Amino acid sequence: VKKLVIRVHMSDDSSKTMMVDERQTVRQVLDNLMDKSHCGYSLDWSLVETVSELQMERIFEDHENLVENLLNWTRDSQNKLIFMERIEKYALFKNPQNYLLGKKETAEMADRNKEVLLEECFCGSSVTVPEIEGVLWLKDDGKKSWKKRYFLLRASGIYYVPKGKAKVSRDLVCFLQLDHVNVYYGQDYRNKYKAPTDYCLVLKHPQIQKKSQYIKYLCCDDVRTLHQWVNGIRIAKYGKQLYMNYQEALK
């Protein structure tokens, strides 16, 4: 089993090398990062990749084979790995009442009922995602201009209406199937793409590493809409496996 030394940027901009092997999940790699750094355990420690050509980043899911993802990088990639606490990773699981009923409206829930609610959504014969709908900005292909379109998340991918800026259901066409796209956060898209706000998500194939028309750029009204959409997209991509990651992480 092949070994690889990766370089990881820590929370204070310093960097460390460490050996990983081709069988390891991100979870296993993070467990090592935690041991060697003496940072103390927590389900919120995360491994984050930047895609340098495209100024965006994602938190890997813990079940993912690290080495396999890294092979997607170009030979001369300036992508970085970053080891930092990210609350975004398990927010959804800590407070599911805020994502799985929506109800953008934010609220408490008793622990035991959080538990029931995740069981209902993730543990049946299939994942029962509640659908996310709302207007969002879509960057024009290869241009720094945006347009409001209405969006709808089904278990079968993202859909949208290409005509106008309103909810017209019969005119929902495939916007993007999720099987072979990861979802990222864009960094400072306000400036780089003249985004209407900074609350931006990006969908692309793992293998695309530079400018491409097949990269989809979305901008949200506020940080809540951003969170709901990213979590929703994550459920519909990864399903019950997200739940298993959380259960496993929560030592």
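So that there is no doubt, residue numbering starts at 1 and follows the sequence shown.
Colleague: Report the stretch with the higher mean CA temperature factor, choosing between 212-220 and 27-35 on the basis of the entry.
Modeller: So the stretch with the higher mean C-alpha B-factor is 212-220.
Colleague: Which of the two stretches, 49-57 or 187-195, shows the higher mean Cα temperature factor in the record?
Modeller: Of 187-195 and 49-57, the stretch with the higher C-alpha B-factor average is 187-195.
Colleague: In terms of CA temperature factor as recorded, identify the highest of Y160, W73, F83, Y90.
Modeller: Each of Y160, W73, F83, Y90 was compared by C-alpha B-factor; the highest is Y160.
Colleague: Sorting the chain's CA B-factors, does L178 end up in the lowest, middle or highest third?
Modeller: Within its chain, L178 is a middle-third residue by C-alpha B-factor, going by the deposited values.
Colleague: What third of its chain's C-alpha B-factors does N231 belong to: lowest, middle or highest?
Modeller: It falls in the bottom third of the chain.
Colleague: Looking at the entry's B-factor column for C-alpha atoms only, identify whether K251 ranks in the lowest, middle or highest third of its chain.
Modeller: Top third by C-alpha B-factor.
Colleague: Report the third (lowest, middle or highest) to which the CA temperature factor of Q241 belongs, ranking only the modelled residues of the same chain.
Modeller: For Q241, whose C-alpha B-factor we compare with every modelled residue in the chain, the answer is the lowest third.
Colleague: Going by the entry, which third of its chain does the Cα temperature factor of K2 land in?
Modeller: As the PDB entry reports it, the C-alpha B-factor of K2 lands in the highest third of its chain.
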